Amino acid sequence: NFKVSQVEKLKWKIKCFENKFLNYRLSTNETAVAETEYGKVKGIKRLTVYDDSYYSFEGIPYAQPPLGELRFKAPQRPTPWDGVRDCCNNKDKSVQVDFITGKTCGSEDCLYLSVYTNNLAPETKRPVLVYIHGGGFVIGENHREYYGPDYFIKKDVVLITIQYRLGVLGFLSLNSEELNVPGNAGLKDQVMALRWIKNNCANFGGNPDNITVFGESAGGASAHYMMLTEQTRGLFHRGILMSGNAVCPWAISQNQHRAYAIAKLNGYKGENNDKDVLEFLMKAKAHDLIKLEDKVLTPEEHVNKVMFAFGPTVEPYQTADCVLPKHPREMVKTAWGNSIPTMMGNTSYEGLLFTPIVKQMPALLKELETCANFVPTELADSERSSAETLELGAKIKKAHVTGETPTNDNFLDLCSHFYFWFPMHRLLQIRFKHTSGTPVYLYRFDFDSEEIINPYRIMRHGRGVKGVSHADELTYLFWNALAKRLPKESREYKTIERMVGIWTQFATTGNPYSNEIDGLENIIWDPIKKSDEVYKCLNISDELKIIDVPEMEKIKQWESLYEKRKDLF
């Protein structure tokens with residue numbers, strides 16, 4: 001359980017205070033009004049520490065605030081307004097537990113997006129990049145102390161960052177059709193945001209016919225869901241799936257029974273009926289429900305590796321706004337998004353995100369004696385004790401346990417594959433088997449530095465830790481409160497320009513290669529082919545190089561877990 005040190009709690013609060021005052025010194029006196037389909041909005045011109053400038057519109061509503069009876073329901077469109085709406089400050093984040101301070105924060109009034117561009121009257125209609133933040137569908141925000149546009153606005157693009165409901169408030173699911181809480185409200189928020197963007201980005205200089213959706217972690221799962229569902233057919237034109245996709249095990253769960261589990265932890269003393277449970281939850285104070293989300297999972301769900309109590313789900317009945325009518329495994333076979341250019345990737349040591357989990361409870365290391373608990377659920381029996389499942393675990397232990405005694409690095413390496421690399425492989429192959437989908441480009445983020453970091457490093461106790469962890473690449477695409485100005489010839493600065501260059505180039509043309517990017521001149525970067533038995537990727541380190549994916553040999557061993565049930569792979 002991610003407990004951040006008290007020494008680090010003080011440091012973070014100091015940095016955020018300094019950051020508030022930097023932001024004062026970066027804001028100009030210049031403002032701008034733009035149109036939206038609901039009314040005018042006013043934005044403010046801001047500087048970056050590199051002395052570029054950009055127009056900044058935050059807190060643009062794309063839905064009605066989901067208060068009162070609208071709680072747990074699919075989003076509804078907002079009420080139009082006259083006059084100019086002030087969008088010079090951020091709005092609240094979705095209700096959550098702050099991953100640093102451990103206190104509940106945020107507000108139910110969180111359905112907002114931010115729009116940023118260096119020029120409101122450009123000489124072209126620019127590619128629109130839409131970022132969906134990660135955080136397990138339970139934490140995160142679009143605040144600029146985490147997701148600053150300062151690097152992207154160096155290019156002639158439009159960056160849009162969105163919020164969506166998190167946790168139980170975004171993902172309650174009830175079987176009773178009469179209650180109209182089918183689930184995935186948080187993904188339906190993203191759908192309504194994407195429709196707003198198609199319909200309004202032109203008012204900020206963007207190209208409605210050239211929109212790129214990208215996200216990291218649960219945000220990449222979200223971006224993939226947005227490429228899978230029929231609700232969004234045709235709404236955008238490129239996807240970038242960073243360190244996560246919709247067939248990741250942690251990104252979906254049948255959580256319809258957990259509504260009663262969370263209500264009873266909050267004091268509900270009624271029977272287990274959907275109508276009675278919902279009535280209680282509609283009256284509950286929002287921060288009470290979200291603080292207890294931690295303890296909703298059962299033991300049996302924990303050992304089965306269910307990460308979150310509430311999150312995306314297969315909806316139990318059809319509604320007009322339904323996002324997931326079938327399992328994502330099946331939706332991939334006819335997804336409209338298979339026909340748009342796609343880039344995916346991971347970092348070179350994804351599993352580093354779990355370092356305090358295995359430091360806190362070293363009893364976790366015993367799980368690598370048999371590896372029974374990492375056998376995927378569809379291949380395992382109920383109690384994970386049948387000899388076939390132990391034979392599968394030995395295959396997992398062969399792949400990751402280096403010596404005769406399991407170590408912490410072994411555990412983390414296994415996490416990289418179980419949570420990220422293997423579901424990527426499975427996604428790519430099920431596309432080839434069932435679709436005419438367009439070839440996909442692979443990158444591998446492998447630039448390690450601590451000169452500049454991002455707040456997710458605090459969460460994983462990454463201070464002093466070598467290796468390129470899950471979410472370390474965000475440092476090189478987004479400004480954040482821990483960042484600083486860097487010398488132009490430094491390795492960190494060149495990595496920023498390379499990452500922003502590749503992401504922007506892919507958004508522009510659907511092809512992430514350009515010889516005009518420093519380090520790519522004599523390089524040829526091909527997408528993946530059906531017949532490829534070993535994946536090639538762009539390994540982004542101090543040098544840019546096309547290499548066989550180093551994870552490929554371990555990926556092939558995870559696939560061998562399915563050779564007696566190839567229909568489930």
# chains A, B, ... in the order shown; residues from 1 in each chain; ligands from 1

$ residues_around --residues "segment 165-175 of chain A" --least-positions-apart "2" --cutoff "8 Å" --atoms "only C-alpha atoms" --output "MDAnalysis selection string"
chainID A and resid 71:72 94:96 108 110:111 137:139 163 177 179:187 189 255:257 259 274 286 289:290 293 310:313 315:317

$ write_last_selection --atoms "C-alpha atoms" --output "PDB file, in the first residue's frame"
ATOM      1  CA  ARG A  71     -24.826  11.020  -9.565  1.00  0.00           C
ATOM      2  CA  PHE A  72     -23.829   7.629 -11.040  1.00  0.00           C
ATOM      3  CA  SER A  94     -12.703  14.166  -9.511  1.00  0.00           C
ATOM      4  CA  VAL A  95     -13.215  12.945  -5.945  1.00  0.00           C
ATOM      5  CA  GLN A  96     -10.240  10.770  -4.962  1.00  0.00           C
ATOM      6  CA  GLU A 108     -18.151  15.819  -7.836  1.00  0.00           C
ATOM      7  CA  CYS A 110     -15.183  17.722 -12.182  1.00  0.00           C
ATOM      8  CA  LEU A 111     -16.385  17.240 -15.794  1.00  0.00           C
ATOM      9  CA  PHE A 137      -9.461   4.991 -12.923  1.00  0.00           C
ATOM     10  CA  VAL A 138      -9.258   6.100  -9.263  1.00  0.00           C
ATOM     11  CA  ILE A 139      -6.778   9.055  -9.176  1.00  0.00           C
ATOM     12  CA  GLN A 163     -11.090  14.979 -16.737  1.00  0.00           C
ATOM     13  CA  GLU A 177     -32.180  -2.263 -15.529  1.00  0.00           C
ATOM     14  CA  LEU A 179     -32.188   1.936 -12.086  1.00  0.00           C
ATOM     15  CA  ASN A 180     -30.287   3.014 -15.239  1.00  0.00           C
ATOM     16  CA  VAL A 181     -26.812   2.692 -13.664  1.00  0.00           C
ATOM     17  CA  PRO A 182     -25.292   0.183 -16.127  1.00  0.00           C
ATOM     18  CA  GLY A 183     -21.693   1.219 -15.397  1.00  0.00           C
ATOM     19  CA  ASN A 184     -18.781   2.979 -17.075  1.00  0.00           C
ATOM     20  CA  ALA A 185     -20.137   6.495 -16.450  1.00  0.00           C
ATOM     21  CA  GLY A 186     -16.481   7.615 -16.385  1.00  0.00           C
ATOM     22  CA  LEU A 187     -15.878   6.282 -19.892  1.00  0.00           C
ATOM     23  CA  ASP A 189     -17.682  11.197 -19.751  1.00  0.00           C
ATOM     24  CA  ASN A 255     -18.124  -5.210 -10.207  1.00  0.00           C
ATOM     25  CA  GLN A 256     -21.931  -5.359 -10.031  1.00  0.00           C
ATOM     26  CA  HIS A 257     -21.899  -7.041  -6.616  1.00  0.00           C
ATOM     27  CA  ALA A 259     -22.127  -1.731  -4.659  1.00  0.00           C
ATOM     28  CA  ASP A 274     -30.127  -2.860  -6.072  1.00  0.00           C
ATOM     29  CA  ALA A 286     -19.110  11.622  -1.740  1.00  0.00           C
ATOM     30  CA  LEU A 289     -17.624   6.603  -0.197  1.00  0.00           C
ATOM     31  CA  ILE A 290     -14.291   7.246  -1.900  1.00  0.00           C
ATOM     32  CA  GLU A 293     -12.926   2.263  -1.733  1.00  0.00           C
ATOM     33  CA  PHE A 310     -14.611   0.011  -9.239  1.00  0.00           C
ATOM     34  CA  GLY A 311     -13.562   0.578 -12.813  1.00  0.00           C
ATOM     35  CA  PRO A 312     -14.631  -0.314 -16.351  1.00  0.00           C
ATOM     36  CA  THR A 313     -17.030  -3.241 -16.689  1.00  0.00           C
ATOM     37  CA  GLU A 315     -22.408  -3.538 -18.930  1.00  0.00           C
ATOM     38  CA  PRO A 316     -25.172  -6.003 -17.973  1.00  0.00           C
ATOM     39  CA  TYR A 317     -27.830  -4.511 -20.295  1.00  0.00           C
TER      40      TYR A 317
END

$ residues_around --residues "segment 410-426 of chain A" --least-positions-apart "4" --cutoff "8 Å" --atoms "only C-alpha atoms" --output "JSON, numbers by chain"
{"A": [243, 244, 245, 247, 248, 249, 250, 346, 349, 350, 351, 352, 354, 355, 365, 368, 374, 400, 401, 402, 406, 430, 551, 554, 555, 558, 559, 569]}

$ atom_distance --atom1 "atom CA of residue 517 of chain A" --atom2 "atom CA of residue 240 of chain A"
18.7 Å

$ atom_distance --atom1 "atom CA of residue 158 of chain A" --atom2 "atom CA of residue 60 of chain A"
14.9 Å

$ closest_residue --among "A:353, A:74, A:277, A:120" --to "residue 462 of chain A" --atoms "only C-alpha atoms"
A:353

$ closest_residue --among "A:150, A:37, A:58, A:542" --to "residue 198 of chain A" --atoms "only C-alpha atoms"
A:37

$ select_by_dssp --residues "segment 238-283 of chain A" --states "helix (DSSP H, G or I)" --output "list in words"
residues 249, 250, 251, 258, 259, 260, 261, 262, 263, 264, 265, 274, 275, 276, 277, 278, 279, 280, 281, 282 and 283 of chain A

$ select_by_dssp --residues "segment 392-541 of chain A" --states "strand (DSSP E or B)" --output "list in words"
residues 440, 441, 442, 443, 444, 445, 479, 536, 537, 538, 539 and 540 of chain A

$ write_last_selection --atoms "N, CA and C atoms" --output "short mmCIF file (atom, residue, chain, number, x, y, z; two decimals), in the first residue's frame"
data_model
loop_
_atom_site.label_atom_id
_atom_site.label_comp_id
_atom_site.auth_asym_id
_atom_site.auth_seq_id
_atom_site.Cartn_x
_atom_site.Cartn_y
_atom_site.Cartn_z
N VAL A 440 0.88 -1.27 -36.72
CA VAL A 440 1.08 -0.52 -35.48
C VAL A 440 2.57 -0.23 -35.31
N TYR A 441 2.89 0.97 -34.81
CA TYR A 441 4.27 1.34 -34.51
C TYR A 441 4.55 1.17 -33.02
N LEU A 442 5.73 0.63 -32.71
CA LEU A 442 6.14 0.34 -31.34
C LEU A 442 7.33 1.22 -30.97
N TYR A 443 7.27 1.83 -29.79
CA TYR A 443 8.41 2.49 -29.15
C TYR A 443 8.70 1.84 -27.80
N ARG A 444 9.92 2.05 -27.31
CA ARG A 444 10.32 1.57 -26.00
C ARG A 444 11.05 2.71 -25.30
N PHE A 445 10.42 3.29 -24.29
CA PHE A 445 11.02 4.42 -23.60
C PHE A 445 12.05 3.91 -22.61
N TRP A 479 5.11 19.33 -18.72
CA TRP A 479 5.63 20.08 -17.58
C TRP A 479 4.87 19.68 -16.32
N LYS A 536 10.13 -5.45 -33.60
CA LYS A 536 11.09 -4.36 -33.60
C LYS A 536 10.41 -3.11 -33.05
N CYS A 537 11.20 -2.26 -32.41
CA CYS A 537 10.69 -1.04 -31.79
C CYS A 537 11.74 0.04 -31.94
N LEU A 538 11.34 1.28 -31.70
CA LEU A 538 12.29 2.37 -31.51
C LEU A 538 12.61 2.44 -30.03
N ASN A 539 13.85 2.10 -29.67
CA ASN A 539 14.30 2.22 -28.29
C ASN A 539 14.78 3.65 -28.07
N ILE A 540 14.07 4.39 -27.24
CA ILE A 540 14.38 5.79 -26.99
C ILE A 540 15.27 5.82 -25.75
#

$ residues_around --residues "residue 268 of chain A" --least-positions-apart "3" --cutoff "8 Å" --atoms "only C-alpha atoms" --output "list in words"
residues 263, 264, 265, 277 and 280 of chain A

$ residues_around --residues "residue 109 of chain A" --least-positions-apart "2" --cutoff "10 Å" --atoms "only C-alpha atoms" --output "PDB file with N, CA, C and O atoms, in the first residue's frame"
ATOM      1  N   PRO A  61     -16.553  23.455 -19.361  1.00  0.00           N
ATOM      2  CA  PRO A  61     -17.512  22.364 -19.115  1.00  0.00           C
ATOM      3  C   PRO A  61     -17.864  21.647 -20.407  1.00  0.00           C
ATOM      4  O   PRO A  61     -18.148  22.284 -21.423  1.00  0.00           O
ATOM      5  N   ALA A  63     -19.968  18.696 -19.779  1.00  0.00           N
ATOM      6  CA  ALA A  63     -21.171  18.024 -19.331  1.00  0.00           C
ATOM      7  C   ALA A  63     -21.773  18.818 -18.176  1.00  0.00           C
ATOM      8  O   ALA A  63     -21.124  19.700 -17.603  1.00  0.00           O
ATOM      9  N   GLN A  64     -23.028  18.504 -17.859  1.00  0.00           N
ATOM     10  CA  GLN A  64     -23.658  19.018 -16.649  1.00  0.00           C
ATOM     11  C   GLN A  64     -22.951  18.437 -15.428  1.00  0.00           C
ATOM     12  O   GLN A  64     -22.617  17.243 -15.421  1.00  0.00           O
ATOM     13  N   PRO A  65     -22.717  19.231 -14.385  1.00  0.00           N
ATOM     14  CA  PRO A  65     -22.059  18.694 -13.176  1.00  0.00           C
ATOM     15  C   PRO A  65     -22.866  17.538 -12.616  1.00  0.00           C
ATOM     16  O   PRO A  65     -24.089  17.662 -12.432  1.00  0.00           O
ATOM     17  N   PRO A  66     -22.242  16.378 -12.388  1.00  0.00           N
ATOM     18  CA  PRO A  66     -23.028  15.182 -12.019  1.00  0.00           C
ATOM     19  C   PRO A  66     -23.375  15.138 -10.531  1.00  0.00           C
ATOM     20  O   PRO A  66     -22.985  14.226  -9.789  1.00  0.00           O
ATOM     21  N   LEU A  67     -24.136  16.137 -10.086  1.00  0.00           N
ATOM     22  CA  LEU A  67     -24.585  16.259  -8.708  1.00  0.00           C
ATOM     23  C   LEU A  67     -25.998  15.719  -8.564  1.00  0.00           C
ATOM     24  O   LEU A  67     -26.715  15.529  -9.550  1.00  0.00           O
ATOM     25  N   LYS A  91     -10.349  23.927 -12.511  1.00  0.00           N
ATOM     26  CA  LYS A  91     -11.455  23.478 -11.686  1.00  0.00           C
ATOM     27  C   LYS A  91     -10.962  22.322 -10.821  1.00  0.00           C
ATOM     28  O   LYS A  91      -9.783  21.961 -10.842  1.00  0.00           O
ATOM     29  N   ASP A  92     -11.861  21.763 -10.023  1.00  0.00           N
ATOM     30  CA  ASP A  92     -11.461  20.692  -9.129  1.00  0.00           C
ATOM     31  C   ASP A  92     -11.239  19.399  -9.902  1.00  0.00           C
ATOM     32  O   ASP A  92     -11.742  19.215 -11.015  1.00  0.00           O
ATOM     33  N   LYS A  93     -10.482  18.495  -9.287  1.00  0.00           N
ATOM     34  CA  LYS A  93     -10.354  17.140  -9.799  1.00  0.00           C
ATOM     35  C   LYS A  93     -11.505  16.278  -9.290  1.00  0.00           C
ATOM     36  O   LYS A  93     -12.193  16.629  -8.328  1.00  0.00           O
ATOM     37  N   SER A  94     -11.709  15.139  -9.953  1.00  0.00           N
ATOM     38  CA  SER A  94     -12.703  14.166  -9.511  1.00  0.00           C
ATOM     39  C   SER A  94     -12.379  13.684  -8.102  1.00  0.00           C
ATOM     40  O   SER A  94     -11.213  13.615  -7.705  1.00  0.00           O
ATOM     41  N   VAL A  95     -13.421  13.353  -7.333  1.00  0.00           N
ATOM     42  CA  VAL A  95     -13.215  12.945  -5.945  1.00  0.00           C
ATOM     43  C   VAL A  95     -12.288  11.735  -5.893  1.00  0.00           C
ATOM     44  O   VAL A  95     -12.494  10.745  -6.607  1.00  0.00           O
ATOM     45  N   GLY A 106     -10.726  16.747  -4.141  1.00  0.00           N
ATOM     46  CA  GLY A 106     -11.540  16.765  -5.335  1.00  0.00           C
ATOM     47  C   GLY A 106     -13.000  17.049  -5.035  1.00  0.00           C
ATOM     48  O   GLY A 106     -13.401  17.334  -3.903  1.00  0.00           O
ATOM     49  N   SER A 107     -13.814  16.927  -6.079  1.00  0.00           N
ATOM     50  CA  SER A 107     -15.207  17.338  -5.998  1.00  0.00           C
ATOM     51  C   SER A 107     -16.008  16.640  -7.089  1.00  0.00           C
ATOM     52  O   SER A 107     -15.471  16.300  -8.147  1.00  0.00           O
ATOM     53  N   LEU A 111     -16.319  17.621 -14.380  1.00  0.00           N
ATOM     54  CA  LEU A 111     -16.385  17.240 -15.794  1.00  0.00           C
ATOM     55  C   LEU A 111     -15.980  18.437 -16.657  1.00  0.00           C
ATOM     56  O   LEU A 111     -16.813  19.143 -17.240  1.00  0.00           O
ATOM     57  N   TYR A 112     -14.661  18.633 -16.761  1.00  0.00           N
ATOM     58  CA  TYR A 112     -14.071  19.792 -17.420  1.00  0.00           C
ATOM     59  C   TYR A 112     -12.924  19.356 -18.326  1.00  0.00           C
ATOM     60  O   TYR A 112     -12.330  18.287 -18.152  1.00  0.00           O
ATOM     61  N   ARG A 165     -15.042  11.188 -14.478  1.00  0.00           N
ATOM     62  CA  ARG A 165     -15.306  10.698 -13.126  1.00  0.00           C
ATOM     63  C   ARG A 165     -14.471   9.453 -12.815  1.00  0.00           C
ATOM     64  O   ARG A 165     -14.276   8.586 -13.671  1.00  0.00           O
TER      65      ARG A 165
END

$ residues_around --residues "residue 17 of chain A" --least-positions-apart "5" --cutoff "12 Å" --atoms "only C-alpha atoms" --output "count of residues only"
9

$ closest_atom_pairs --of "segment 438-540 of chain A" --to "segment 124-136 of chain A" --cutoff "10 Å" --atoms "only C-alpha atoms" --output "JSON lines"
{"residue": "A:456", "atom": "CA", "partner": "A:135", "partner_atom": "CA", "distance": 9.7}
{"residue": "A:471", "atom": "CA", "partner": "A:134", "partner_atom": "CA", "distance": 9.2}
{"residue": "A:503", "atom": "CA", "partner": "A:129", "partner_atom": "CA", "distance": 9.0}
{"residue": "A:504", "atom": "CA", "partner": "A:127", "partner_atom": "CA", "distance": 8.1}
{"residue": "A:505", "atom": "CA", "partner": "A:127", "partner_atom": "CA", "distance": 9.5}
{"residue": "A:506", "atom": "CA", "partner": "A:127", "partner_atom": "CA", "distance": 9.7}
{"residue": "A:507", "atom": "CA", "partner": "A:127", "partner_atom": "CA", "distance": 6.2}
{"residue": "A:508", "atom": "CA", "partner": "A:127", "partner_atom": "CA", "distance": 5.6}
{"residue": "A:509", "atom": "CA", "partner": "A:127", "partner_atom": "CA", "distance": 9.0}

$ closest_residue --among "A:553, A:156, A:404, A:409" --to "residue 207 of chain A" --atoms "only C-alpha atoms"
A:156

$ atom_distance --atom1 "atom CA of residue 340 of chain A" --atom2 "atom CA of residue 237 of chain A"
5.7 Å

$ residues_around --residues "residue 103 of chain A" --least-positions-apart "5" --cutoff "12 Å" --atoms "only C-alpha atoms" --output "list in words"
residues 3, 4, 9, 95, 96, 97, 98, 287, 288, 290, 291 and 292 of chain A
